[PDB]
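Asker: Take a look at the following structure, please.
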Amino acid sequence: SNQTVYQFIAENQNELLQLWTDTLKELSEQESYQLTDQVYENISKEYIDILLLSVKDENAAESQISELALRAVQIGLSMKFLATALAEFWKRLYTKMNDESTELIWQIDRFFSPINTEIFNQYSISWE
Amino acid sequence: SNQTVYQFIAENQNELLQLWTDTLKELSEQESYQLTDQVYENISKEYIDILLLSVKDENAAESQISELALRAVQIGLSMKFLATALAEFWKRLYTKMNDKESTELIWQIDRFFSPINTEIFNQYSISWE
Ligand code: NA
């Protein structure tokens, strides 16, 4: 069901990790300060863990989602920054997997959308 | 440039308002209570008004953004509900536009909406922070 996307992530973990770390770092340069590379790499790795627990849907990864959202809040990432990052993550995955295009986009969207919206929810909850 | 998407929104305002109002309503049916048709219509209208100010970026609609997000909080829409709704809003606009490359249309749509929606999510969360 989410097999094509899931399997690609599983098979391309090391390259995704680097890709997404680099995405966090690039976005951070637009912010008033930049955390260290290891901090962004750990966020990336936690995220990938979430994706690999989320083959069915966002439910299995409940505890890691809550941890990641709390961590984001605690270390000073805005919702704006996190949402921007997560949007860029799936788009950079697309470029990797694309390499029909439209059906791939919809595959990616079906796997990620509920994960990301649950992460957003738990970020807001970790203030609410 | 966001000209292509902006123009389609500008030319199809009444249609989009109905489409988005219906999406909200459909989604509300899975929540523990439903608000009124007018409440959801007013949300769709406030959102479209944001879009029409946003041809460059999300900055001109700062105040409108902040008001929409705050109202969402106050009326009891979760972030989950809001983020699901907004995702469906662009996807439904895609189906409309696409039926008039598909891939480049999606990226045009994403380019326009993504910074607006992220800013909405931010103001939603900030209402609590
Ligand atoms: Na767990």
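These protein sequence lines are chains E and Z, in that order.
Per the working numbering: the first sequence = residues 875 to 1002.
Per the working numbering: the second sequence = residues 11 to 139.
For each residue, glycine too, the CB sits at the ideal point set by N, CA and C.
1. Runs of 4 residues minimum, wholly inside the segment 79 to 122 of chain Z: which ones carry the alpha helix (DSSP H) assignment?
2. Figure out for me which residue from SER998(E), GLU977(E) and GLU974(E) has the closest Cα to the Cα of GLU941(E).
3. Evaluate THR969(E) with the Cβ neighbour count: other Cβ atoms within 10 Å of its Cβ, from every protein chain shown; 16 or more gives buried, anything less gives exposed.
4. Let me know if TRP894(E) comes out buried or exposed under the rule of 16 or more other beta-carbons within 10 Å of its beta-carbon.
5. Let me make sure I understand the geometry here. Which of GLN996(E), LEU978(E) and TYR880(E) has the alpha-carbon closest to that of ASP931(E)?
6. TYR134(Z) touches chain E at which residues, Cβ-Cβ below 8 Å?
7. Which ranges does the alpha helix (DSSP H) cover as unbroken runs of at least 4 residues, wholly within the segment 896 to 933 of chain E, from first to last along the chain?
8. Kindly list, in the order they appear in chain Z, the residues whose Cβ is closer than 8 Å to that of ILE979(E).
9. Looking at ligand 1, does it come within less than 8 Å of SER928(E), judged from the CB to the closest heavy atom?
10. If you compare alpha carbons, which of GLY950(E), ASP983(E) and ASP973(E) is closest to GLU905(E)?
11. Compare the C-alpha of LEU37(Z) against each of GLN84(Z), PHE99(Z) and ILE19(Z) and name the closest.
Answerer: On the basis of the data shown:
1. Entirely contained in the segment 79 to 122 of chain Z, the alpha helix (DSSP H) runs reaching 4 residues are, in chain order, 89 to 108.
2. Looking at the Cα atoms, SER998(E) is the closest of the given residues.
3. Exposed, by the Cβ-count rule.
4. Burial call: buried.
5. Nearest of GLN996(E), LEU978(E) and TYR880(E) to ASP931(E), Cα basis: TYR880(E).
6. Correct list: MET953 and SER998.
7. Listed in chain order, the complete alpha helix (DSSP H) runs (minimum 4 residues) inside the segment 896 to 933 of chain E are 911 to 927.
8. What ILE979(E) touches in chain Z: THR113 and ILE116.
9. No, ligand 1 has no heavy atom inside 8 Å of this Cβ.
10. The closest CA to that of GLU905(E), considering only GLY950(E), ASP983(E) and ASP973(E), is found on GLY950(E).
11. The shortest C-alpha separation from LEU37(Z) is found at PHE99(Z).
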